[PDB]
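I am attaching a structure below and will ask some questions about it afterwards.
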Amino acid sequence: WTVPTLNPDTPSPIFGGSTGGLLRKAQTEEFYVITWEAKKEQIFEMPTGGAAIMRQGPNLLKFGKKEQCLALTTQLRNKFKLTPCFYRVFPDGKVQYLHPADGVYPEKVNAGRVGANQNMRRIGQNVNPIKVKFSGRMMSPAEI
Amino acid sequence: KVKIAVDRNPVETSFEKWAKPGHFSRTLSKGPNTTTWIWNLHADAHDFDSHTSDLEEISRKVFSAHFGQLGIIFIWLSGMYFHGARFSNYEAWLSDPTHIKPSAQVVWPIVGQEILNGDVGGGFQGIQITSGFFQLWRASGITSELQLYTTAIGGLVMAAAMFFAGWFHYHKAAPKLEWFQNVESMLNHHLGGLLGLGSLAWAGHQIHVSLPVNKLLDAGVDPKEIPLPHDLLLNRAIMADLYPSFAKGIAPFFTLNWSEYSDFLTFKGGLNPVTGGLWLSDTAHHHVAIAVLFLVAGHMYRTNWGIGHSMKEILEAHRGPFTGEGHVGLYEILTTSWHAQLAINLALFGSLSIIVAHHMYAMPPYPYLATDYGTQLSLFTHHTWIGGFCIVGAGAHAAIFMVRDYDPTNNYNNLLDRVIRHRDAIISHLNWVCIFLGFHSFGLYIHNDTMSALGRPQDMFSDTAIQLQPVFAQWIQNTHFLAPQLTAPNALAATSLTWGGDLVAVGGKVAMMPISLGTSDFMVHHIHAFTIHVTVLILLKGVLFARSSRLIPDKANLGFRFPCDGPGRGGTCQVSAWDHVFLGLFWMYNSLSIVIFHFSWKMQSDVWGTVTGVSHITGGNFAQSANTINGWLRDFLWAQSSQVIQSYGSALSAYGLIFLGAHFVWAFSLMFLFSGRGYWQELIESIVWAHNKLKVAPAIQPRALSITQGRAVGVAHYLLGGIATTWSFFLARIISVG
Amino acid sequence: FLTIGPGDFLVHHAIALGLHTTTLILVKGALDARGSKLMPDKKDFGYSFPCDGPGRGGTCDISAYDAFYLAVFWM
Amino acid sequence: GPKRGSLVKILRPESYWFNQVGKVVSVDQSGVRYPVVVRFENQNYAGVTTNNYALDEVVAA
Amino acid sequence: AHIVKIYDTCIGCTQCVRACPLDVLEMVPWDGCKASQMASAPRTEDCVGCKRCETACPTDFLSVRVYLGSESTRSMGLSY
Amino acid sequence: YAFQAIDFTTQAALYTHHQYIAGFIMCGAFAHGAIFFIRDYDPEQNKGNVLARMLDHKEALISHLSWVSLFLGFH
Amino acid sequence: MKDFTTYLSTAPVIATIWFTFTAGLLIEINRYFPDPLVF
Amino acid sequence: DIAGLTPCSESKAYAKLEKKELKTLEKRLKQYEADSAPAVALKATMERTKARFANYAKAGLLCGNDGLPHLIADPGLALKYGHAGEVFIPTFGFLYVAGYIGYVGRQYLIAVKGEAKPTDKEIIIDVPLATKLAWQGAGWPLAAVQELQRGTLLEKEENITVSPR
């Protein structure tokens, strides 16, 4: 598996246009772009409100936050049995691929992943807040 | 093909599932481990969608449930008639309606509560009732307690028949799904048979029983001396003695010479001057017209023969350029989703109840009703509250449809879809107009308070300072008063005295006079508009964002009723549509409390009172006082709570007790509304420890109420408290000064 | 040393009610601040945190700050 | 460690069933850190009736 | 950004991973439990702090914990 | 003070002022005590003294405060 | 009939019967012994 | 007498309040017939009023400066001046019936914990066992002090507590 690329010339699903679409965050900060390959033409629910017909073949939608792309991914994955992937797009044109960043979906184990943010202890074995006072910032005792 | 479709013996009549609490739910049939279970058992008891996915079984359940409700209502009516016959002063009241207080409840002589049996007149002691049953019974021509007793037995028999019908149509012969889906046939039968034959048979009862008995009661003859109704049916010569038209029989009906029936089918308008109620001849003609209209309306939809319309064809025929597919798909929605139907029917049923309140105050339909000021206030207020509750329910079940039944792959570019697709525009415009209304309506009151407080009354919004006259309403009022002359030639008077005109008085009291509209009425009407628009905002936002929002894109998967989605993303408390119903409930309470306050103060100030000129109950203070908040605070609330606060030691003392109790319950709600279940769970932990120490810890684990149950308990005690407070205030006030 | 009677009786016991209830909320906030059985690691979040989410039945107003918040009403 | 069906007592202080009695389901014989599987007749605030514990967190009492 | 920690009481039931509406967690190889699976939080910059993961975790006490930290545009769930 | 208690509005204002000041200050006392328990309390530097033994019987404390509150409220 | 008595053994039915018995006992005591303040 | 309170049989405002209530009842009475049902009801009300004032003046109650009965809550002062029937005998009567209810509930809980379905007996009441414990709970203070003296009244420190105990 290799990291895929964004084709900007991918046909969008048939949709009349909502008021729950993009805002100035897409022009100033970022917007996220989802892509999947469909098996047939079928109506799905848009996460921003309304119904839309997907096209047979590749599809392309752009959303405003990550949770909208996860909601559409979960809908297209549990109801239609499809394999989508959504990217991160900056106004410079910078494209950041993620989900599945491993290529395999995170709901099953894959070799090569490195465990991050894992405390190797219980939750009752955290220290008291007196032990982490007067650091450079606020610290919960679970940070150490 | 429309036909009777029934399955034989689906569910065995057995006491087995009575002995297994929560049998209906796979989760709840496991038994109780914590206390939460109990509440769940009662909350989801009648949520038939969570029981089965099969629409047929659900439909059967709701059918028998409806039968249960009807049997309960028949028990209630039976009780009212029986208490009206055995424990009342109805006959005495019939002999002297103007100086005897209607009473149909008596208390037993224990612990001193006997004082509540007050001197209502007629040699009777009891609680004065304000439901208005006595006027309804006099209007129907009832004269003796025996007839009321017979009506009570009849209603009890009908209750037994309704409970048998419920048991029968659930356990023995339960209709099939395609029986329930015959909506064209259902509309035909309900428009013809129910409304049509209902008003036809009632017009029959009126023309044959009500008119002669009430004509004699208005003539002055003693009720016992009036001929019994069956003698009015049997000997038509008496009917010709009162109205000579009856001599000719039904010969003018079939020969189309209907003009000869003008003795008892009139168009007088106004009120009966010796009685203060609408003319029963006008009401008889009204019900005959209504009957013929509805029987015509009930032959519209095609059933088992070619003639007749088809609902899906009429819906699919109305499509324009702006709306695309238009009303396509709505038939499928309204014949497969009970919640959509319930939302529509609740909205129109609530609105209808509010219309009933306004039309019954303005055009008093029962004799000796307009001068029973307590009955008028009670009826208006009651039906207004019922209305508001049913509207909030409409919004609730609309949202429940939106989450559970909405399915866009049969509903694709549709009216509903476009509404969901421009909901941001809808809610933002409603938002702005609510803020605009709030600022200018409430700001006039605050402005007036400030100017009055600063010693500058000439700078206020009032009838003598900066005037804001309701020109449009005054013009409509004037037009409707001038209507009998030109645009309604066959009308002898206007439809209501409030348009303008003279004054009808009965027994020294004002039945109705012309209602004037000034700056204060302008201000309260825009307050009403503001509060209604806000309530619509909350409920409509709840239904439009029930499925998704920019905050919660997958809200639909979380259900209709859920507490939140965690403290993240800044905080998502009360994002569910249920919570929007919860807030709409509070705002509905606000709106209708200001509405009933408007009605109460205005009636006591500018309409009601005695005739010597007319001396009103509060002297006419509305026009100058209802422009400041301090004016409502002092001249309405503070001034008119004298009667409730000094009701101790008399028969109205129960209204003082329920005043205090209602204040208490209202405050008691704030503990649930302002707090959260984490604190309460930890407190319960400490208490559970204490119980463990003494070996009295229960096997069913004590749990704090859920977040949504905390909110539900909160809003329920809040509503109960506030409404009961205004109840005690209103009733004590109007019974003492009435 | 005003002359007192049964109204003064009832009001002094209402005052004792208010003091003992406010002390209940405040003491229970001081002592369950390190943690409770519903939330054993409450010392790891601090003094003033919103909630711990809708899980475990729902934990609204679980911090010691929220016990202060609920006790100002009784004060 | 303890055997199947035996009654044990929990010494993990941040547990729902601390200082209470449950029943051992199984003990995993691998190098797992928490092998003792104990069911409890009453559920916690999350509706769960089963937890895994270490050897020094259970006492057969 | 919020603070998400995984503790060694994890039994690799994958419930937390399939509960996050933002794809922050994932399962890694491990040898501490019979399932040979442990959660990990390599993408806590996109975490909003909804705590669905904590609701999905079966262990007593929790093996995943969300400490609400400093807010960003991604952690506030803003589409604007 | 001289000709105090013949100025009745002054009496009522001063009493009500300092009573509400005292109520807010007492709630702040218990609030900063909870803040002490969360931030500054070291259990190893208090192993066995009176302050740890208050945390040891906190359920009896909260239970008996609950009992006197419920008793005074009911009666 | 066994299931009907099991249903009558449920908590709200027994609470209804028992509070009807307790309230009726107090009501009959306050009838035959009107207004007791002492003893 | 106690606290400057006069006895109610000696108090004048007591007789004034009695006369005032009889005056209100006869003003309500004088607008009916002689042998009618409201007249019979108001005469029974006046009879109960006179009987109640005679019973309160008979029992030795103390009235104040307004003519209302005042109660004495101190064991020794009320046992000395003959006021034991208003707080002291009522407080031991209440403690008898309240401990009755608590002991019957505690015995029902301990009786149903020793089964395969304790919660199912908590939802659906075992009526014969509940009536057996309800009749046996009349010796609850003796059984309570016996369970106190054996150490079986209390659970030990096998209770549920938090991690800082």
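We call the chains A, B, C, D, E, F, G and H, going by the order they appear; numbering starts again at 1 in every chain.
Just so we're on the same page, a contact is a pair of C-beta atoms (placed from the backbone, for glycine too) under 8 Å apart; a residue touches a chain by one contact, two chains touch by 3 or more.
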Leading the contact tally is the pair A-E
Centre distance in Å when chain A and chain B are each reduced to the mean of their C-alpha atoms: 50
Gap in Å, rounded to a whole number, between the CA centres of chain D and chain A: 38
Starting from the mean Cα coordinates of chain A and chain F, work out the distance between those two points in Å. 50
Shared interface positions of chain F, touching two or more other chains: 38-39, 41, 43, 55, 58-59, 62, 66
Touching two or more other chains in chain B are residues 19, 21, 33, 550, 553-554, 565-567, 681, 683, 685-686, 689
Of all residues in chain D, which are in touch with two or more distinct other chains? 13-14, 16, 44-46
Chain adjacency by touch: line, ring, star, complete or other shape? other
Between which chains is there touch? A-B, A-C, A-D, A-E, A-F, B-C, B-D, B-E, B-F, B-G, B-H, C-D, C-E, C-F, C-H, D-E, D-H, F-H, G-H
Under the definition above, what is the set of chain B residues touching chain A in their complex? 408-409, 411-413, 417-418, 420-425, 547-548, 550, 553-554
Can you list the chain A residues touching chain D in their complex? 122-124
Contact residues on chain A for chain E in the complex? 23-25, 29, 63-68, 70-71, 98-99, 101-102, 106-111, 113-124, 140, 142-143
List the residues on chain F that touch chain A in their complex, please. 38-43
Flag every residue of chain D that touches chain B in the complex, lowest number first. 42-43, 45
